[PDB]
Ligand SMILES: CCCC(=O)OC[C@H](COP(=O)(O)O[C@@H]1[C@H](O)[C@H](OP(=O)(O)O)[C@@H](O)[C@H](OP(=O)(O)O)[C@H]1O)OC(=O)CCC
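We begin with a single chain expressed as structure tokens, specifically the form solved without the ligand.
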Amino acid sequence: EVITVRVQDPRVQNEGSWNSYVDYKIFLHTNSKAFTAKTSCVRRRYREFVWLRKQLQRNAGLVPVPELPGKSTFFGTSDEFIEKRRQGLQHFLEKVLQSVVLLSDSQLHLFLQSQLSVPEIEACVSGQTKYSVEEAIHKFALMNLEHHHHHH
């Protein structure tokens, strides 16, 4: 695997409050030149993955985008519900990162290597920010290193 990706450590955030949510830790490591940060670790919720798939389906190769786990008719917090959604998210990313065309998606790179919100990504990839995509990812890499990933 030229790109290593793992969706791990799912957690119910703000448990019990009106705006509780589940998010997922995304770990990536690659030597590919397409990525600004050689290693990255972010947290994202399912609703952001749904947005990310829509961005990817606008690609110029008309390449298929892997399916996501289904949407829920309830707020799911069971261990089994969360694990199966975690498995499907990892499969989704593993498949996405095997496509050269999808590796040109700037939103994907900010999704994976920064903690910018979805609107912030949209503003950055539309030329409405002071910083470039590469600058944002590099600054996050300096800000977010915590020595959890040893070189091989």
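By rigid core we mean the largest C-alpha set that fits within 1.5 Å across both forms. Shifts are known only where both forms have a C-alpha. The numbering used is simple: start at 1 and walk along the sequence shown.
Below: the form deposited with the ligand bound, not depicted.
Shown here without its ligand, the chain is overlaid with the ligand as it sits in the deposited bound form; three or more ligand atoms lie within 2.4 Å of backbone or C-beta atoms, and the site is blocked.
Shown alone, this chain has one stretch from 25 to 33, 103 to 111, 88 to 96, 45 to 53 that lies within 4.5 Å of the ligand in the deposited bound form by heavy atoms: 45 to 53. Relative to the superposed rigid core, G61 undergoes a CA displacement of at least 2 Å between the shown form and the other one. Core-aligned CA deviation for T77 between the shown form and the other one: 2 Å or greater. Put simply, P119 and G76 spread apart in the deposited bound form: their C-alpha atoms are 3 Å or more farther than in the form shown. Between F49 and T77, the Cα distance is greater in the deposited bound form than in this structure, by no less than 3 angstroms. When the two forms are overlaid on the core, consecutive residue runs of 3+ whose CA positions all differ by 2 Å or more between the shown form and the other one map to 58 to 61, 71 to 77.
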